[PDB]
**Student:** 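Take a look at the following structure, please.
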Amino acid sequence: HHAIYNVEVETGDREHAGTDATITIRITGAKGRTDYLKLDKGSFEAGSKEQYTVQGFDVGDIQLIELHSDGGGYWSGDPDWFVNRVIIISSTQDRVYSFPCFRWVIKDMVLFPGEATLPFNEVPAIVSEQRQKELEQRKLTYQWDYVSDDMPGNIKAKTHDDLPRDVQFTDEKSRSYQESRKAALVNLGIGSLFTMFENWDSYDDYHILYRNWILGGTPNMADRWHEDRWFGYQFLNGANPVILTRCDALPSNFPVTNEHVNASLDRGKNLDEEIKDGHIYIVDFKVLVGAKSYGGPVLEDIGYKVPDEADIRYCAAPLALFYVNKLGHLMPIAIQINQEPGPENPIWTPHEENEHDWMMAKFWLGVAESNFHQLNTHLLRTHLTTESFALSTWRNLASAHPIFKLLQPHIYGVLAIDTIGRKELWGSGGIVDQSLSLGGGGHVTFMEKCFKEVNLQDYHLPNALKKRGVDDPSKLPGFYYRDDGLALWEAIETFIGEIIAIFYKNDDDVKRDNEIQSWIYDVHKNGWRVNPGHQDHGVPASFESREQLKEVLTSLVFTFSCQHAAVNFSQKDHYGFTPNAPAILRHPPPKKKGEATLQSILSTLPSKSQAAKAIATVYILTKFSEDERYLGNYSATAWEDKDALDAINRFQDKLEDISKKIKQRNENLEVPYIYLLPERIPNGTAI
Ligand SMILES: [Ca+2]
Ligand SMILES: [Ca+2]
Ligand SMILES: [Ca+2]
Ligand SMILES: [Cl-]
Ligand SMILES: [Cl-]
Ligand SMILES: [Fe+2]
């Protein structure tokens, strides 16, 4: 004759989560559906758990609910309502129904009870219809847009506030970001006054520049940047640990011989023998040829052609050779500043007659490294490329889908920061233009050039390390990015495998899942588009197995969290003392040996205000928000399935073990490697 429904609603704790809109709820089940019933006694504050008792038609077994908000009245400041979950008990049913949400309620929100499902799993027809309608609507809200033909697809949004609220920064992240921008302007202005009439005449002058910033500690390379051992160390454990490969033969255009490097070898063998023993490594920045730097110079194979106080910046495409010495230290042993060898682009070594020439060579290798790292390793290959997958998750996976639930905490952030970044950070005029040689426009062309070579197999850490020849700790010791990254790769892969096995019982279940198929196909066709001049991007058009699904999800999750953390949060230590890693140089490279002086070097190195702006950029890009959730913290995820909860438990406990092992390893290091501690790795790419 009627049922009594006990309704409990948990509102999210985040700022503005609450609402004063009038809320109603309609309940549907096997027997029919109630009317919209008022939940209108008391307030919905952030963090609240509020209870209601409403009476209506007995729907029998409950199958879905619909919340409605009237959107507030004249005085409502922020009617949008963030709902974590609704729990209902019906007087006629011996069951507790739990409806996870974790999304913003704007006007209407449909929710289903119980565990995640694949689209073909058996559910009431009205559930399947609502699921199909959700996804129709996703496609109108979440649309592809592109910087150019040669960039990965991004979310269509003019500014951050045009984004769907589910993918905007939380108010806490927007405050953390806007406050960081204000603090940077204040610290720049105070440091500008303090240093205004400073005679800039030594490398140690640059130490002033980080002193009035809250960076979490003096840059850990400030005291040792000038030592070859610590210069070499950072190609393993600094901000850009992705380019060094094992050298099994010198490139024909980098004609280093035993006579150039023998004074550096110290295990009793010559250069050819050390190459065969796997102790010789190399970096090749050839991708930077053709790069257009601010003020006009265009990099050639030979460097630059024989050209008041204009802002003119330079870069380089060097090769550099390194050697693992008998103590296990990676030492820099040769640098050629540009690609085409000869007298005007010679090989520089730590044994230069003129010590300033070797220091200048190391600075040219750093400028190439900085521009490559910021634009390719960090901006393109974390943010801009994984942004396509975040967009495709919203377009193609229903909120009921288990892989939607898995990805939510990891995709969060990237749409918001990238929408902001296109306007304020690496877009035209942004803080990047003030701080990189390739700023001014050349930085977009350069990312385009890099994106043409991008392949999804690059995001597979064990395969990429093996491919680079850097995975054998007996030949290449002291490589903590590799050690910690591989431990976390395995932990994430194990977890994802266990989630997949709960919902997909065999390969057929993958092939039949039209949403996961649409998801990968959307990236394949519209996300990482193989356009004229592009290599294949390694994105499959479909999934055929559980293992293939695991491998793509692991790559993606590991990149959003760990890889971004390793190449982003390492920036204070890498760049905070400018001479450790200059990102702008002001004169072209030398065309003969014996020229460099401390003074010609200081005039090539960034100006005080260029260096200050680099520090400011790093400060902004590396600020953790006070609401950040770190790796494995799934406190705001929508899981209900008991087995999924247990898989999460095992994963968190694994992460906890990896954390203690990293801290134990660190206690014996001269310079602890902390960027891959789980407690410092955000779930996502949000800054
Ligand atoms: Ca609100
Ligand atoms: Ca109440
Ligand atoms: Ca738990
Ligand atoms: Cl009713
Ligand atoms: Cl679930
Ligand atoms: Fe970032």
Side-chain angles (χ1 to χ4, degrees), residues 2-10 23-37 39 52-70 81 83-106 108-132 134-142 164 166 393-405 408 502-504 509 512-519 638-641 644:
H2 63 82
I4 294 164
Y5 299 97
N6 298 296
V7 180
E8 172 177 299
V9 180
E10 178 190 338
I23 300 309
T24 44
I25 180 175
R26 178 159 68 183
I27 301 174
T28 298
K31 301 186 181 170
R33 72 180 182 198
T34 65
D35 199 359
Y36 281 91
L37 313 172
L39 307 183
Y52 298 86
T53 299
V54 296
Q55 170 181 151
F57 179 77
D58 180 23
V59 308
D61 190 33
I62 304 174
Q63 289 175 339
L64 67 84
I65 61 174
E66 288 163 280
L67 294 173
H68 175 81
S69 161
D70 73 349
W81 180 31
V83 172
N84 284 178
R85 182 166 294 212
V86 179
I87 295 157
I88 294 175
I89 287 163
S90 161
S91 60
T92 65
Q93 302 296 305
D94 182 40
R95 275 221 47 186
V96 174
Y97 297 87
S98 181
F99 302 80
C101 180
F102 302 89
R103 288 187 308 288
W104 287 92
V105 172
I106 309 307
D108 291 291
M109 171 69 76
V110 183
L111 298 170
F112 310 140
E115 292 86 355
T117 55
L118 300 188
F120 63 81
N121 295 148
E122 176 161 71
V123 290
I126 191 158
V127 173
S128 299
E129 297 168 359
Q130 287 302 313
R131 187 177 177 138
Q132 173 182 359
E134 178 182 41
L135 287 168
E136 289 169 357
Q137 178 63 49
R138 284 296 193 69
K139 286 165 196 97
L140 305 173
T141 291
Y142 289 100
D166 285 325
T393 304
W394 283 102
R395 285 177 59 74
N396 301 113
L397 303 179
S399 326
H401 186 117
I403 302 310
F404 177 92
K405 292 176 189 289
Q408 194 180 4
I502 293 162
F503 300 91
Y504 292 86
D509 277 357
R512 290 180 63 205
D513 176 355
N514 51 109
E515 284 167 30
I516 205 63
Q517 306 289 341
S518 293
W519 182 76
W639 295 101
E640 288 280 339
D641 179 283

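The first residue in the sequence is number 1, and the count goes up from there.
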**Student:** Side chains of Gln130 and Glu134 only: does a donor on one sit below 3.5 Å from an acceptor on the other?
**Tutor:** no

**Student:** Quick one: closest heavy-atom pair of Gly32 and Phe57, and the distance?
**Tutor:**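 So the two residues come closest at CA-CE2, 3.7 Å.
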
**Student:** Answer yes or no: is there a side-chain heavy-atom contact under 4.5 Å between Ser90 and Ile62?
**Tutor:**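 Yes - at least one pair of side-chain heavy atoms lies under 4.5 Å apart.
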
**Student:** Are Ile403 and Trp519 side-chain neighbours, meaning at least one heavy-atom pair lies under 4.5 Å?
**Tutor:** no

**Student:** Do the side chains of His68 and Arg26 get nearer than 4.5 Å, heavy atoms only?
**Tutor:** no

**Student:** Between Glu515 and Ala398 (side chain of the first, backbone of the second, donor and acceptor by atom type, cut-off under 3.5 Å), is there such a pair?
**Tutor:** yes

**Student:** Within the structure provided, determine whether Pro119 and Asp513 are in side-chain contact (heavy-atom separation under 4.5 Å).
**Tutor:** yes

**Student:** Using side-chain heavy atoms (C-beta onward) and a distance below 4.5 Å, is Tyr36 in contact with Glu66?
**Tutor:** yes

**Student:** Say you draw a straight line from CG of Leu135 to CG of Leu140; how long is it, rounded to the nearest 0.5 Å?
**Tutor:** 11.5 Å

**Student:** For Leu397 and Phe404, work out which heavy atoms get closest and say how close.
**Tutor:**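 Smallest heavy-atom distance, with atoms named: O-CD1, 3.5 Å.
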
**Student:** Check the pair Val123, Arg131 against side-chain contact (heavy atoms from CB on, under 4.5 Å), reporting the backbone distance first and the verdict last.
**Tutor:** CA-CA 11 Å; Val123 290; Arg131 187 177 177 138; over 6 Å; no

**Student:** Could you tell me whether the side chain of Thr92 and the main chain of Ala3 form a donor-acceptor pair under 3.5 Å?
**Tutor:** no

**Student:** Search all heavy atoms of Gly29 against all heavy atoms of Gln63 and return the closest pair with its distance.
**Tutor:** C-OE1, 3.5 Å

**Student:** Taking side-chain contact (heavy atoms from CB on, under 4.5 Å) as the criterion, tell me which of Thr34, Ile65, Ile126 meets it with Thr28.
**Tutor:**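 That would be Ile126; it is the only one of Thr34, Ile65, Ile126 passing the side-chain contact (heavy atoms from CB on, under 4.5 Å) with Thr28.
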
**Student:** Kindly indicate whether the side chain of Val59, heavy atoms from C-beta on, has any atom under 4.5 Å from the side chain of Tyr5.
**Tutor:**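 When only atoms from C-beta onward are counted, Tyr5 and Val59 do touch, with a gap below 4.5 Å.
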
**Student:** With side-chain contact (heavy atoms from CB on, under 4.5 Å) as the test, would you mind laying out the steps for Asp166 and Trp394 before giving the verdict?
**Tutor:** CA-CA 10 Å; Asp166 285 325; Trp394 283 102; 3.6 Å; yes

**Student:** About how many Å separate CG of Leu64 and CG of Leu111, when rounded to the nearest 0.5 Å?
**Tutor:**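 Those atoms lie 9.0 Å apart.
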
**Student:** To the nearest 0.5 Å, how far apart are CD1 in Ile89 and CD in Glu8?
**Tutor:**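 Reported to 0.5 Å precision, the distance equals 8.5 Å.
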
**Student:** If you count every heavy atom of other residues, nucleotides or ligands that lies below 6.0 Å from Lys31 atom NZ, does the total exceed 12?
**Tutor:**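 Atom NZ in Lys31 is not crowded, with 12 or fewer foreign heavy atoms closer than 6.0 Å.
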
**Student:** Whether the side chain of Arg138 engages the backbone of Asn396 through a donor-acceptor N/O pair (distance < 3.5 Å, no angle test) should be reported.
**Tutor:** no

**Student:** How far apart are the closest heavy atoms of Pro164 and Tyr142, and which atoms are they?
**Tutor:** CB-OH, 3.4 Å

**Student:** Answer yes or no: is there a side-chain heavy-atom contact under 4.5 Å between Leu67 and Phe99?
**Tutor:** no

**Student:** Ignoring hydrogens and angles, state whether a donor on the side chain of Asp61 or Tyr97 is under 3.5 Å from an acceptor on the partner side chain.
**Tutor:** yes

**Student:** For the pair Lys405 and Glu115, find out whether any cationic side-chain nitrogen is under 4.0 Å from an anionic carboxylate oxygen.
**Tutor:**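 The answer is no: the pair does not qualify as a salt bridge.
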
**Student:** Show your working on side-chain contact (heavy atoms from CB on, under 4.5 Å) between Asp509 and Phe120 and close with a plain yes or no.
**Tutor:** CA-CA 9 Å; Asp509 277 357; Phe120 63 81; 3.6 Å; yes

**Student:** Out of curiosity, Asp58 CG to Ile27 CD1, how far, rounded to the nearest 0.5 Å?
**Tutor:**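 Nearest 0.5 Å value for the CG-CD1 distance: 10.5 Å.
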
**Student:** Which heavy atom in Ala638 sits nearest to a heavy atom in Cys101, and how many Å separate them?
**Tutor:**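 The pair with the smallest heavy-atom distance is CB-O, 4.4 Å.
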
**Student:** For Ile23 and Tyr52: C-alpha separation, side-chain torsions, deciding distance, then whether side-chain contact (heavy atoms from CB on, under 4.5 Å) applies.
**Tutor:** CA-CA 11 Å; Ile23 300 309; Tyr52 298 86; over 6 Å; no

**Student:** List the atom of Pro402, the atom of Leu118, and the distance in Å for their closest heavy-atom pair.
**Tutor:**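 Between these two residues, the closest heavy atoms are CG-CD2, 3.7 Å.
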
**Student:** Would you call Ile88 and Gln93 a side-chain contact if the rule is heavy atoms closer than 4.5 Å?
**Tutor:** no

